[PDB]
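Remarks on the overall topology
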Amino acid sequence: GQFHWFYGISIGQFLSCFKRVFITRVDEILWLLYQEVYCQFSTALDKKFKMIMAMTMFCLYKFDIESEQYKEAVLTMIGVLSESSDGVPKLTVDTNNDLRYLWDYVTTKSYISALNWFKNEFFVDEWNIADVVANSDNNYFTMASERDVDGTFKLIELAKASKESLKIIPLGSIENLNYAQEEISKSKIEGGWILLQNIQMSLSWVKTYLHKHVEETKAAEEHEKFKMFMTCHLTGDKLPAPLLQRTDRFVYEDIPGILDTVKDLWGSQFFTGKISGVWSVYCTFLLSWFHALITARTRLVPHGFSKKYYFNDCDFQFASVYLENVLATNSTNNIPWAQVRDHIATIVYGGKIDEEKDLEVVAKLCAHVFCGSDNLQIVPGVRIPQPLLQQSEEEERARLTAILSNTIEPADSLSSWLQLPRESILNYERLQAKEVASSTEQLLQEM
Amino acid sequence: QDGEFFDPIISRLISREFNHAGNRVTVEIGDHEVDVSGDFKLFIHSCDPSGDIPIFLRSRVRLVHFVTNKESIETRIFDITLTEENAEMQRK
Amino acid sequence: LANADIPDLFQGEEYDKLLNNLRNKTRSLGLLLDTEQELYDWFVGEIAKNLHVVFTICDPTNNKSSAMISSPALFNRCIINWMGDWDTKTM
Amino acid sequence: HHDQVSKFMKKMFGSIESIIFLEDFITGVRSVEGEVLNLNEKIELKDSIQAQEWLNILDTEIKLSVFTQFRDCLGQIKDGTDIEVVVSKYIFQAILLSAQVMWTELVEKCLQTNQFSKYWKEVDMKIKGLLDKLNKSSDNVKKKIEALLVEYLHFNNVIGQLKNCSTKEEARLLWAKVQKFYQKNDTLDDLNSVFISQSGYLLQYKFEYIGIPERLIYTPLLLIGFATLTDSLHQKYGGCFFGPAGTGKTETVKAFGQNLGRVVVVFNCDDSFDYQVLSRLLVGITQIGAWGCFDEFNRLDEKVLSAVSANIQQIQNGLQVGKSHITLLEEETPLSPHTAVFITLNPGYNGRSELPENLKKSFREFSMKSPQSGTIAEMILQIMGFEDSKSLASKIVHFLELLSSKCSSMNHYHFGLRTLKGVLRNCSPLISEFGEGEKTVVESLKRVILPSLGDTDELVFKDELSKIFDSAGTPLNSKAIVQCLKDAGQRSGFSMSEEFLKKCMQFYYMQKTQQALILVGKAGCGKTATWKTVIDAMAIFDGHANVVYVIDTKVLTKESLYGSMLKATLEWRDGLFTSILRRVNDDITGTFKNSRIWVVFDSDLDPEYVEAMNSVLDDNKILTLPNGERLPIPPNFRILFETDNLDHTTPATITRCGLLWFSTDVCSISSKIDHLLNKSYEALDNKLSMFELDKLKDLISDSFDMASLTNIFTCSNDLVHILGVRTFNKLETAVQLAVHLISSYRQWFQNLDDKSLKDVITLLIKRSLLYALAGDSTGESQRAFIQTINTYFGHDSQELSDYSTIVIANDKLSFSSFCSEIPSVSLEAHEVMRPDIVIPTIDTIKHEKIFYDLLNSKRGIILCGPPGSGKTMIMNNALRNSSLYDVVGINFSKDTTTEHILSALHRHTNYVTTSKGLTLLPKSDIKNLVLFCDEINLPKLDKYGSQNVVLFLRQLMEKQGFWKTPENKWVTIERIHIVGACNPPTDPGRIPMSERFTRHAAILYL
């Protein structure tokens, strides 16, 4: 909570969690605590802090419980994952086997695996937002997430699978906040679920209306089964701590694959109707792949992009608008392609980019995604051929959807698909390992 | 209400200093000499432990911590443990 | 303490009013002083012998109270005295 | 009245300044630029007519009148009319649009045929034709031509680029990026007839008057900005560019507007700007359908920012949806769909700023970057008179870029474009002398870049200048200035060394071009000598007199110097810098026209003080008051800055001024001595017969030779020095002492033995040389150095002892050498403690003698030493004893002011208004006065780090006179001495002193 504002905990939250631990005896109850704490408080943390709390809590238990020879062995390993020190731990035939299995992960240069090792060693069911929500006994929730994704669509399937009653409420202008406060007071009486999209932007209002409103509503417990959800962004405006502590917290850490995002981009595109050429749907397909390829690169940094850049459904919209316009103003001849790349790579997407290093990367992506005669081959496995002479627009949608359904995303996707090298991905895996390993050592010595 | 911030003038009211008279009891505050009742009471309240109070005050003042610490957790988990471990003796 | 006057307090017109009042008291005591310099040096010398400053610092460890002892003026013209703890006998 | 509305139009229009009547009828309007627009129909007025009614007609007619002047003109050029013809009869806004439409039409067809070359020369000729027209033109139409030139250059540039394309697809790509100005030869609603295409997107020219604004040079970067702005607007989104200050983001939005016939309203945000006013202006912009730019939006206060940001969303959300009416400021107001909001985002200390969350899905953020300079350079060369503008622009930039990679990373070095604009600015007068050739560019490189370089980098410049382009063998103004410079220095006392000639030349050539000059160097480099020598040489060569005002910048407050206003009575009194200008500007009663005025700032320069004058450093050449005025500065009036360091000053401040970096001291150790001697002899002529003088100057020359001293000064460095000062600055201390010690024994030089005379001379010189190099030394080191002096001086010559002294009789002229004789002290019980009691030691007498000798020289003294070492008493007792000098004691504290020094002096000093020095400040009694400043290294320094109290003493020591803080006049102090005591600055509490002050002090470590 000291590192991040959203990572708060009250004493009462720990007490209520420890009560659930009941409803060598001392040794078993101890093991019951560590598990129940990992179970409830893992949910309000992001993937980095999940891994940090895993490795820490593992050493918090095993240093008291196991041998002194165990202690320096695992610590000389956590030192190798970090840049503190490199060593081979003290080796004894059959002496330790779980610990001997761990060093095998670290020595195989496999980083992500060694970090998740401590999670599996808790032997806990890592609770799905649904399970957490179901267990949770409050009508309020705030789920923050990185700007790459939004759990808005996870909440749709969460409501559909149990209790329905989904109401999405954007907080936009006076109208949205004004309609919003009306739909809030009426939904609690009705008992319907409610969602408050991206509160952070409308925050000034929160401290005046929502902060008082949620505080006053102790009759919301009395009111019909109803649940209110709020979406935040972790990188972003800091929510009032008092409102935050009162409300339950989750971090949506669910990142879609390249192919999955392509399929999700292309999916809506049929809802727009038909206003353009058959040929255009091919360019809209091209953009679908492109957008899903830069977004995939966005997370991989520094190796990959120099900084975290955020790309939107607005960036797709501004790109597709330019594409409709170029096909509308030119002939159906393929060659318009030259200034299609320039305008996409420098104004539409290169706009936010400020570093020259990264501007070249957006261009080199357009080089491959846009210019392409007869065969494109976006990824190693998948080839996209240009529209057939038959010129069926309904067939081509179905053909381009079919090309997605044919492919299955490989193991090595981040290096094979995003044309960046494998050795860069490992360099990145190493660094996020180092960050988890460091912050844990820091935590142990502090107490 | 704000003990962290504290002006000098209260000062004679913190140290028990007075100028006694036939019936009246006077205390000097900054300039004016004002009469003390005796039905009068003083409490100083602070919210943040981070904020440091003057050595003058800290020495004349009875510092009491109403703080729900991490130490308070050890005390309070035993009460919850014993209610679920030996309910007969926690009742008695 | 470095000088025995604060220059700023008595400057300009307030220097002239001081200078006037100074001549009054000097003569009352029974001494007239030829020059403007002869006068001021009486004034300063009077302060040096009638004003007495005692500092009471509690924690010399404090950075603001360290600045007291640091200050050259105070350090040279003060008598530093130590009472920092009560001994077991005095307790 | 009606005519009184013209004042308020400037506000509600932006382009126009005042309106033109025939009283009953409105004949037209004139712009803030000076351009006169006449309407088609003159609008009729009667007394009982409302402003709202008549003005509303004017807004309509003002736009129509622009279409008329546009179609009239466009049609003319289409009918093969030279652009020089059109300029004279059509308003700029009109002619600009006409050019654009015809250009676009002519190039559109030229992409098909590929007849680029035929059109190119054609355009190039119109450019040259416009250029020569400009030279012979009236100032008003001078603006119009220049504004058009910016455009015609753009035209030809694009065509040339188009000529060069590998294929036709390449040409159609390049053309798509450009802003293409089309007209509809189809249709009615003429105001809506002109539209603009770019990146495939179209944008209707609204017909608003723009007047004749300063038009930005077209860069690829500019077009890209225009392209992002058009891409956001096409999808009904707000334009937003973030980036570092000085990247011209608002200027862009201003220009993007102009190109489309729109006067953008710019809100400078947080210049103490009210929310209530902005809220009004926002309603007006949504009604009138205008473009608003938020200039530096980031700088708003959180309460304001919330409120404003929410409002802006209304507008941009209203547009995206297209709502006819939107509610903002809790009222139903209608929304024009022509409305747009632009946000420029300067960065904070933390990072490049962001838009508030709500605005993030309402705006489109873009990154402004400084222009790659090559493109700017080529155009600038084109305008002046090109020769080969393309080759120079490539070559200049390569060279500047090359210097940057090849020189040392030094603080004040800027090889950014600012610098090339400056080379180019300096180039124009240079072209007058030589050619619109590279050679004139070459010279301008070395006129600007070279005076700021230091020796290692000085060759890198020369090596790579010839490596990139070689121009010429010989220089103009080579003989003539130089003999006027040699003649001035011979007269001043100075020696024309490699370096002193060089830095004198560098300076001469700069005053020509630059009006603000900076001289940076170590204390005792030669600056005061360089400028005082050059300025003197110009009165010989031109015949123009100079009027110099040397002001210590940081001794006085911004209020004492620029002009101080009093918060309540708002009573305005002059200051110092502003008051000396009013002599030249307000009332040039005597001869100022033919004179050259120089205002020198000798003290360290800081942001706060230069910012309060930045307008004179600007292309403006006018002084802006805190309240009340702008005073313009003539071409005679030059501002110089001599200082020791720059660390505080901004790169922006440097690049407005001409910078002259003194890498090393102008002059040789010997040459310094030479001048110093003669300077000392001149003082003596006023108080010594020529026969005496002639003989004594002969003595000095034959006793000490440079060959011996060279080792002595070298060995001085191999020694631990308390209160360190460099060898070169210690020199004045030797010669001033030495000459005084010999002029001391002048009478006994009449009858004494010629071999014995040399021994008296050599001893004194060996002595004076000791305290000047080793006086601030341990004395354990002094003793060691004494042998070092003896070593390097002639072996036979009278050797130095620790306490060595020269003695003469009480009652008879005599001569013998005896040392260390002491009077013996008996004091009573009551006497024991007293602020004035000395028990004399072998060493008390030793110090008291030397200390007294230095004052006879009248050189300032710094007695540095530990507490209780007796530095105060030695000073006090040597002077409490003598009738000549009288002591005045000031103690310094961490924060003591320069007025305390004055007030303490006023007690013992009497100003006399003698016509000889005007005001003077001698002591209140006849014989000499001594200020004793105790704890001189105690007063603290500006946050920049500059102790003014010390600089004030330095003013008294060097200048010998100071400027009055309230009354604003020069008072020259007569016969007053500065002596100081301080502790070693290794001690706590202590502040490091400026070499620029300690250079005028003799330092004795006791």
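Residues numbered from 1 in each chain as written, not as in the entry; some residues may be left out. Chains lettered and ligands numbered in written order. Part of a larger assembly, values for the part shown. Heavy atoms only, no water.

Judging from the entry metadata, cryo-EM is the method by which this structure was determined, and 30 Å is the reported resolution.

1. Here's the deal with the overall build of chain B
As a reminder of what qualifies: Only runs of H or I of at least four residues qualify as helices and only runs of E of at least two qualify as strands under DSSP, and these elements are numbered from the N terminus. To get the radius of gyration, use the C-alpha atoms; to get the globule rule, take the number of residues to the power 0.38 and multiply by 2.2 Å. Remark: exposure states derive from per-residue accessible area (1.4 Å probe, protein chains only) relative to the maximum for the residue type, with buried under 20%, exposed over 50%, and partly exposed in between. Contact between two residues is taken to exist if any of their heavy atoms lie within 4.5 Å; hydrogens are not considered. Each accessible area value is a Shrake-Rupley result obtained with a 1.4 Å probe; residue values ignore everything except the protein chains displayed when judging cover. Neither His nor the chain termini are counted; the positive set is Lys and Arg, and the negative set is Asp and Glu. By convention, the charge on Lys lies at NZ, on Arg at CZ, on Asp at CG and on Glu at CD.
When you go through chain B residue by residue, the secondary structure sums to four helices and three strands. Shown N-terminal to C-terminal, the secondary structure of chain B runs as helices and strands in the order α-β-β-β-α-α-α. Since a compact globule built from 92 residues should have a radius of gyration of about 12 Å, the 22 Å found for chain B marks it as more spread out than a globular shape. Along the longest, intermediate and shortest principal axes, the C-alpha atoms of chain B span 65 × 30 × 20 Å. Burial analysis of chain B (92 residues in total) assigns 12% to the buried set. Partitioning the contacts of chain B with sequence separation of at least 6, the portion at a separation of at least 24 is 49%. Carbon together with sulfur atoms contributes 52% to the accessible area of chain B, which is approximately 7,900 Å² in total. Across chain B, the mean location of the 11 positive side-chain charges is 6 Å away from that of the 17 negative side-chain charges.

2. Section: the overall build of chain C
Scanning chain C for helices and strands turns up four helices and zero strands. Taken against the 2.2 N^0.38 rule, which gives 12 Å for 91 residues, the C-alpha radius of gyration of chain C at 19 Å runs more than 25% over that of a compact globule. Oriented by its inertia axes, the alpha-carbon framework of chain C measures out at about 60 × 30 × 20 Å. Taking all 91 residues of chain C together, the buried fraction comes to 15%. Counting only contacts in chain C whose residues sit at least 6 apart along the sequence, the fraction spanning at least 24 positions is 38%. Computed over 8 positive and 13 negative side-chain charges, the inter-centroid distance for chain C is 6 Å.

3. Details of the interface of chain D and chain A
Stated formally: Buried area: the accessible area, evaluated with a 1.4 Å probe, that two parts lose upon being put together, summed over both parts. One side-chain nitrogen of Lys or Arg within 4 Å of one carboxyl oxygen of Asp or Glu is enough to make a salt bridge. Under the rule applied, a polar contact is a pair of N or O atoms within 3.5 Å (in protein, one hydrogen donor and one hydrogen acceptor; residues adjacent in sequence only if both atoms are side-chain atoms).
Each side of the interface is counted separately: chain D has 31 residues, and chain A has 33 residues. Taking both sides of the interface into account, the surface hidden between chain D and chain A amounts to around 2,500 Å²; carbon and sulfur atoms contribute 51%. There are four salt bridges connecting chain D and chain A. With its nearest N and O atoms 3.2 Å apart, the salt bridge here joins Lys369(D) to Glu356(A). The interface formed by chain D and chain A holds 13 residue pairs in polar contact in total.

4. Quick notes on the interface of chain B and chain A
Definition in use: Put simply, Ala, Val, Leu, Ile, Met, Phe, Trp, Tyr, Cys and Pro go in the nonpolar bin, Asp, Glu, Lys and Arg in the charged bin, and everything else, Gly too, in the polar bin.
Every contact between the two is made by seven residues of chain B and, on the other side, six residues of chain A. Here chain B packs against chain A, burying approximately 760 Å² in sum over the two surfaces, 87% of which is carbon and sulfur. Broken down residue by residue, the surface that chain B buries against chain A is led by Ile73(B), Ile80(B) and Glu84(B), which jointly contribute 56%. Scanning the region where chain B abuts chain A turns up zero salt bridges. The tally of links from chain B across to chain A stands at zero residue pairs in polar contact. When grouped by side-chain class, the residues that make up the side of chain B that touches chain A number three nonpolar, two polar and two charged.

5. Some words on the arrangement of the chains
Out of four pairs of chains that touch, the pair holding the most contacts is chains A and D. Regarding chain A and chain C, the two do not touch, and the least distance separating their C-alpha atoms is 27 Å. Where chain B comes nearest to chain D, the C-alpha atoms are still 26 Å apart, and the two do not contact one another.

6. Digging into helix α29 (residues 727–744) of chain D
To keep it simple, the criterion reads: Helix span, expected: 1.5 Å multiplied by one less than the number of residues in the helix.
End to end, α29(D) covers 26 Å across 18 residues, agreeing with the expected 26 Å (1.5 Å per residue, within 8%). By the criterion of burial, α29(D) is predominantly enclosed, with 16 of the 18 residues buried.

7. Topic: the pairing of strand β26 (residues 918–921) of chain D
Remark: a regular strand shows side chains that alternate across the two faces of the sheet. Residue and element names in this part refer to chain D. The condition is simple: Being paired, for any two strands, means DSSP has found at least two bridges between them.
By the bridge criterion, three bridges tie strand β25 (residues 912–914) to β26 in an arrangement that is antiparallel. Paired with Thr914 across the two strands is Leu918, which belongs to β26. Linking β25 to β26, which pair antiparallel, is a turn of three residues. Where β26 and strand β29 (residues 970–973) come together, two bridges link them in parallel fashion. Across the sheet, the residue bridging to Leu921 is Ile973, located in β29.

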